[PDB]
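Going down the list, the protein sequences come from chains A and A'. A prime marks a further copy of an entry chain.
Residues 4 to 484, 490 to 535 in PDB author numbering are what the first sequence lists, from first letter to last.
Residues 4 to 484, 490 to 535 in PDB author numbering are what the second sequence lists, from first letter to last.
2 protein chains.
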Amino acid sequence: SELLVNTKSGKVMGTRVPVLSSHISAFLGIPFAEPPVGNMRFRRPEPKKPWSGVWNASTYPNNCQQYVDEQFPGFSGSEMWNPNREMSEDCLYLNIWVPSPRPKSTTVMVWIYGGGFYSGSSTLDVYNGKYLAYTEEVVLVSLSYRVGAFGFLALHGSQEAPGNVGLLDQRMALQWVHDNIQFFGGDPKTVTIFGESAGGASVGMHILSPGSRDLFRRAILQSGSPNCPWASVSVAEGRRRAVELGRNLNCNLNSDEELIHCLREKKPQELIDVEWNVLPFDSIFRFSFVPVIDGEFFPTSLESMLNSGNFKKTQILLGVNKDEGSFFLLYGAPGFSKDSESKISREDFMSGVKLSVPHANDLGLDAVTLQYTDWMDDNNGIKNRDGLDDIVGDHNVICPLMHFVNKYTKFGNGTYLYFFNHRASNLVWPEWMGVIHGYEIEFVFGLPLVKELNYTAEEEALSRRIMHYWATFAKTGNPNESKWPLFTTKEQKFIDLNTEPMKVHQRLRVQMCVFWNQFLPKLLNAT
Amino acid sequence: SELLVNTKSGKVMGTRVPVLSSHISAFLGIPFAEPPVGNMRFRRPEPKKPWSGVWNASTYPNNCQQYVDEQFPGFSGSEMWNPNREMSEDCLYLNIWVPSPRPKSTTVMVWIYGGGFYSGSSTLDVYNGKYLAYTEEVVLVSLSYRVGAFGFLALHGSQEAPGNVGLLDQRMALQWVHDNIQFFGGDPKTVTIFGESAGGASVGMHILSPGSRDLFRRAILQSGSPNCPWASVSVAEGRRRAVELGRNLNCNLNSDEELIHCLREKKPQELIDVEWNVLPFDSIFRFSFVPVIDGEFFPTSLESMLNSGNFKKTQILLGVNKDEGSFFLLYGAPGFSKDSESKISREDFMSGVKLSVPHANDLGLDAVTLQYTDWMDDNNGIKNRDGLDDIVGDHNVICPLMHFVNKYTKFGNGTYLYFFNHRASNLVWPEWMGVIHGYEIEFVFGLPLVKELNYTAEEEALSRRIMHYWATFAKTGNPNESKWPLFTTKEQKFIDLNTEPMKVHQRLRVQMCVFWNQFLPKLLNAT
Numbered sequence: 004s005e006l007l008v009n010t011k012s013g014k015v016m017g018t019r020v021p022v023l024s025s026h027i028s029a030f031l032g033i034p035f036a037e038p039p040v041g042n043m044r045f046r047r048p049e050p051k052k053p054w055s056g057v058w059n060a061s062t063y064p065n066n067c068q069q070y071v072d073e074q075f076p077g078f079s080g081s082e083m084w085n086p087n088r089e090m091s092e093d094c095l096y097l098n099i100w101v102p103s104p105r106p107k108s109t110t111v112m113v114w115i116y117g118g119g120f121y122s123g124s125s126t127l128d129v130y131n132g133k134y135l136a137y138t139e140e141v142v143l144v145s146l147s148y149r150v151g152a153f154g155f156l157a158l159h160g161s162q163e164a165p166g167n168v169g170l171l172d173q174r175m176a177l178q179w180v181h182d183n184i185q186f187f188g189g190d191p192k193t194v195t196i197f198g199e200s201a202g203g204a205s206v207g208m209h210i211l212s213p214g215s216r217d218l219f220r221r222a223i224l225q226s227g228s229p230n231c232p233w234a235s236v237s238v239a240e241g242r243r244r245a246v247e248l249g250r251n252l253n254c255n256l257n258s259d260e261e262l263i264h265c266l267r268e269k270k271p272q273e274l275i276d277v278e279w280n281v282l283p284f285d286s287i288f289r290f291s292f293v294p295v296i297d298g299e300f301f302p303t304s305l306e307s308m309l310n311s312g313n314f315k316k317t318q319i320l321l322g323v324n325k326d327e328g329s330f331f332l333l334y335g336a337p338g339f340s341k342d343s344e345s346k347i348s349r350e351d352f353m354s355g356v357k358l359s360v361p362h363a364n365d366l367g368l369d370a371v372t373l374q375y376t377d378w379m380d381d382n383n384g385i386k387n388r389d390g391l392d393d394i395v396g397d398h399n400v401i402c403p404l405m406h407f408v409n410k411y412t413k414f415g416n417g418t419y420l421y422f423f424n425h426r427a428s429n430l431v432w433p434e435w436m437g438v439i440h441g442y443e444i445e446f447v448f449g450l451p452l453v454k455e456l457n458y459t460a461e462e463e464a465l466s467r468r469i470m471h472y473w474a475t476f477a478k479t480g481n482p483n484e490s491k492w493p494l495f496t497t498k499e500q501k502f503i504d505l506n507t508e509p510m511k512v513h514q515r516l517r518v519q520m521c522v523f524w525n526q527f528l529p530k531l532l533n534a535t
Numbered sequence: 004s005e006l007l008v009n010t011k012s013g014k015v016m017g018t019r020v021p022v023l024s025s026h027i028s029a030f031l032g033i034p035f036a037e038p039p040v041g042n043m044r045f046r047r048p049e050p051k052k053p054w055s056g057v058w059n060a061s062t063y064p065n066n067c068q069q070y071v072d073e074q075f076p077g078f079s080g081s082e083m084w085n086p087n088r089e090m091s092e093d094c095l096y097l098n099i100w101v102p103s104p105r106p107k108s109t110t111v112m113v114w115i116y117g118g119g120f121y122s123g124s125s126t127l128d129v130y131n132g133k134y135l136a137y138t139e140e141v142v143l144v145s146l147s148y149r150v151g152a153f154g155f156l157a158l159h160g161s162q163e164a165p166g167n168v169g170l171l172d173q174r175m176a177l178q179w180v181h182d183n184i185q186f187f188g189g190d191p192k193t194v195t196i197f198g199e200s201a202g203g204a205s206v207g208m209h210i211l212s213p214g215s216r217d218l219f220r221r222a223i224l225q226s227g228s229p230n231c232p233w234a235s236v237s238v239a240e241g242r243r244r245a246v247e248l249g250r251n252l253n254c255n256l257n258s259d260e261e262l263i264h265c266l267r268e269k270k271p272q273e274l275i276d277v278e279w280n281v282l283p284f285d286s287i288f289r290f291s292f293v294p295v296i297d298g299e300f301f302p303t304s305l306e307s308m309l310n311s312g313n314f315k316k317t318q319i320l321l322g323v324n325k326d327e328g329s330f331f332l333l334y335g336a337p338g339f340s341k342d343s344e345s346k347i348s349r350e351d352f353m354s355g356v357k358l359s360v361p362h363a364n365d366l367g368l369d370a371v372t373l374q375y376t377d378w379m380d381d382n383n384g385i386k387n388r389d390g391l392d393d394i395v396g397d398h399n400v401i402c403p404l405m406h407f408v409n410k411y412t413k414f415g416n417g418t419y420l421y422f423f424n425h426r427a428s429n430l431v432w433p434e435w436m437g438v439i440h441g442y443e444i445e446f447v448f449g450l451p452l453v454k455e456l457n458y459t460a461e462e463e464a465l466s467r468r469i470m471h472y473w474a475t476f477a478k479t480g481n482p483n484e490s491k492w493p494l495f496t497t498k499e500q501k502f503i504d505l506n507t508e509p510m511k512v513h514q515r516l517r518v519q520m521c522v523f524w525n526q527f528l529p530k531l532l533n534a535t
């Protein structure tokens, strides 16, 4: 039967799913690790014991335990990101969409969800792999991983909560694909990992980490990169936050053993309830439990790894959205609101810069302010709001990504760069937020193809192009079969991604990124 | 007789001079101080002993001893600034142009020459007062003052070379005008001092200095301001340079008395020959012997004087030229030459920034470079040359002047601001240098009115306007009789000065001047 697959872990029974008036197979909820529960909380994952019988893979699995956004109750703009299944610590499952009839050896794409390493679900509507699997004739995988404390609590030296265990979940899933995708018709020698935001930083982390490099062929990074200032912490900072978390829960802090024991007795929601209390600064775009530079998963600092070429050499396709910061300013900066135009005073602007660059001394805060202020028109509400939006986007997403691409391009075997600037016609978030962080994903997954979702015909066209680029890149290492130019060290070309005829440009946001990647870091080092 | 004037120092005999097909009186070479020679070298000036008989005032006097520019021997662009009379330490004389017939009580204008406090002559062709005196029916005075070591050697504490003595020359001349202009038909209650570059900084210094305020009514500052980074030095730096100068001349450096004695035996040219050897940095736009913050002429730091309003409150008219830096880069920066277009490499650009900001640490040099580099086009030769031109102009002239105007405007009784951007059609300096430092003076003095000098008709028109503005301002405190708006703290308006219909703008170079006046000084204070 087309819906029965015998893998090395046991047999699995899929379900036939309708897609744009045709059908494909879906194998949902395949376990790839032992449930990370009890004494196994904060531990490295453990491979799933093979099972006899037929695993029923016809429904989506639980989503990991995570903080749940209740900012706009009922609003679809925010709720589409919230878990849509029961949460459980028993959450380590993957999902496979397979063309029909079953291929013999095709391109595989593995999606790694974002959510700031504190949230995310493989089971979201915008992540439904059936459009891309069907359209591009790829085998589409989506994995899952522990988030928040469960995924990233770090007490370096201890084996009970080493840190990085959420990254090891992703790795075990990539191990299960390596070992089993062939039985689904996928080519394990032609896997692309792709992910957005923490998913893109994850993808870059598997390129860096020696124990992941061998488990995939190529990588796509959307609005994230491993060297992002929010994507990792020192072992000492990880340690300080695990201790503070236990402090919030009245744990015995005498030893790691005492701490870890106490944390393992607490219900998931107890951890989730005090999780934001451990941040060291009053900040925006900072997440409590994130990957640590442990000397294992990452042998050395990300930067020295990037300088020496200590990383998988392959092809990469990556890019950013126009207005990466608006979401974080909305949710966290004074003066921004969902239902106004959010024109920002100078007083709120300066409040915003302080939140966006928590680690900066006053001189550093002045350097930023001067770099983004139009002194001919410094009380312009719109210019203040947009300039803050760019600060957040630049510092947190664009310029880290630009640094990664430039460093990577020195040693890699082909780099394709995009700048996604189409604002979807049916976007429910206000205008001021622009081309919002995360809103290229629905184009990547082909939602503009389903009539009922209310996109224009030109949005459908753009979706079909993006998908064809991503899948052709996954297949050949080149998005091209008009032509998207290679990004090279000298010319530094990139394309815009929008409903208009392609335009090639060069040096994406160089003025600002020299400031964030060269000048400001020098400034804070000296002062 | 019209050409005979009985003053308080004795009688003086002028000479009738032709001017645009009419005539006026000129009293040239009037002494206003005792010759600063012998034991009086480096001393405060001494008022001129009255004389019996008739002083022959029919010829220009000697120019002070000064370094002589020999960069372009024969070239008129440079030689027009060189002394055109014999140099002598006996140089303290003024020149008066008086309408004919002799007025009874008219507006007086006193011109204070520039030349970086190391050079300058009252007797230059471009300073001929007869066009302005004739056209505007003003009494025009030009004074002189000691420059170089002779004017500005500073050994604070000693009375033999206190420093600032060149400023006291100007002051004695303003004292002689106060006391005697009435006999020439001038109103001593309606004197405007005006000057360009060191002449403009001088004018601002007489506004600041309590012992000068009472000797004039209003002030015009062209391309200079008292708080310019090259216009003054601490007493300690003045001291270090007088000692170094004596070191260059093998003086006994045991005491000030030994030093000063040794310096007074040297011929003028011996001092002039080693004068540039005392600068502390490899720099551009820095002059060895300049005014010192002595606690006498200037009671406190210029800045604390400007903050507290310790300064004459009156009306001021002031401004800058478009391309203030080009002359100093020409003469002193690698890669610029008179007969090429001077496209600058990045290597020369960075060499230029270091020379332009000698007092900056590496971080400071990076801050400058980032502020003036187009990172989308950083090897553009023209953009590098122009960006260096702006660095020099901004740091040295425009932004100091913008700081002075803003501070002054808080307490003053009316501020008129201009931006002079017409490049003269008959300019002999190359194109790349633009609207060159100093080239508004010939418009101020009405050279475009003499046919033989080869200006266009619209240049003559602009000259007539500038002159009418300067003289109407001198007369009433308002350049207006289309309308040049007052510069106010809020609106910060200014006009361009060119052959085109007037345009009012606001906040002259604010982006750059926040950087030079606020950010960079903070940067170097912290590092």
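The beta carbon of each residue, even a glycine, is placed where N, CA and C say it ideally should be.
Is the separation between the beta-carbon of residue 196/A' and that of residue 102/A' shorter than 8 Å? Pairing residue 196/A' with residue 102/A' gives a Cβ-Cβ distance that is not under 8 Å.
Is the Cβ of residue 486/A' closer than 8 Å to any Cβ of chain A? The structure shown gives no position for residue 486/A': in chain A', residue numbering passes from 484 to 490 with nothing in between.
Comparing alpha-carbon positions, which option in 263/A', 373/A', 122/A' and 347/A' lies nearest residue 71/A'? 122/A'
Residue 393/A lies in the alpha helix (DSSP H); which residues open and close that run? 384 to 396
Output the distance between the C-alpha atoms of residue 16/A and residue 514/A, rounded to the nearest integer angstrom. 49 Å
Do residue 252/A' and residue 273/A' have their beta-carbon atoms positioned less than 8 Å apart in this structure? Taking 8 Å as the Cβ cut-off, residue 273/A' and residue 252/A' qualify as a contacting pair.
Can you check whether the C-beta of residue 530/A' is within less than 8 Å of a C-beta belonging to chain A? yes
Chain-ordered chain A' contacts of residue 31/A [CB-CB under 9 Å]: The contacting residues do not exist; residue 31/A stays about 48 Å from chain A' at best.
Quick one, are the C-beta atoms of residue 203/A' and residue 225/A' less than 8 Å apart? yes
Hey, how far is the Cα of residue 5/A from the Cα of residue 353/A? 60 Å
Neighbourhood of residue 246/A' by C-beta distance below 8 Å, restricted to the same chain and skipping five residues each side: Contacts found: 256 and 262.
List the residues of chain A' that residue 422/A touches, going by C-beta distances under 7 Å, in chain order. Simply none; closest approach about 14 Å.
Name the residue from 151/A, 505/A, 527/A and 534/A whose alpha carbon lies nearest to the alpha carbon of residue 234/A. 151/A
Under 8 Å between the Cβ atoms of residue 36/A' and residue 175/A'? yes
Tell me the DSSP secondary structure of residue 233/A' in three-state form. coil
Tell me where the alpha helix (DSSP H) around residue 493/A' begins and ends. Here residue 493/A' belongs to no alpha helix (DSSP H), and DSSP marks it neither H nor E.
Which residues in chain A sit within 7 Å of residue 373/A', going by Cβ to Cβ distance? 522, 523 and 527
On the CB-based measure, 16 or more other CB atoms within 10 Å of its CB, does residue 436/A come out buried or exposed? buried
State yes or no: is the C-beta of residue 110/A' within less than 8 Å of the C-beta of residue 478/A'? yes
Start-end ranges of the alpha helix (DSSP H) lying completely within the region 50 to 86 of chain A', minimum 4 residues: 79 to 82
Check whether chain A comes within 8 Å of residue 18/A', counting only Cβ atoms and requiring the distance to be less than that. no
Hey, which unbroken runs of the beta strand (DSSP E) at 3 residues or more fall wholly within the region 90 to 177 of chain A'? Runs of the beta strand (DSSP E) inside the region 90 to 177 of chain A': 96 to 101, 109 to 115 and 142 to 145.
Residue-chain proximity (residue 535/A, chain A'), Cβ-Cβ < 8 Å: It does; some Cβ of chain A' falls within 8 Å.
List the residues of chain A that residue 465/A' touches, going by C-beta distances under 7 Å, in chain order. Ordered by position in chain A, no residue passes the 7 Å Cβ test against residue 465/A', which lies about 27 Å from the chain.
For the region 404 to 419 of chain A' against the region 359 to 378 of chain A', do three or more pairs of beta-carbon atoms, one drawn from each stretch, fall closer than 8 Å, so that the two count as touching? no
Judging by CA-CA distance, which residue of 359/A, 79/A and 386/A is the nearest neighbour of residue 524/A? 359/A
Flag this pair as touching only if the region 468 to 478 of chain A' and the region 329 to 341 of chain A have three or more C-beta atom pairs under 8 Å; answer yes or no. no
Just the Cα atoms here: how many angstroms apart are residue 305/A' and residue 79/A'? 37 Å
Alpha helix (DSSP H) runs contained entirely in the region 277 to 340 of chain A, provided each spans 4 or more residues: 305 to 311 and 329 to 335
Report all residues from its chain with a CB closer than 6 Å to the CB of residue 166/A'; omit the five preceding and five following residues, and keep chain order. 157, 241, 295 and 297
DSSP three-state call for residue 346/A: helix, strand or coil? In the three-state scheme derived from DSSP, where H, G and I count as helix and E and B as strand, residue 346/A is classed as coil.
How would you write the range of the alpha helix (DSSP H) that residue 520/A sits in, first residue to last? In this chain, the alpha helix (DSSP H) harbouring residue 520/A covers 518 to 522.
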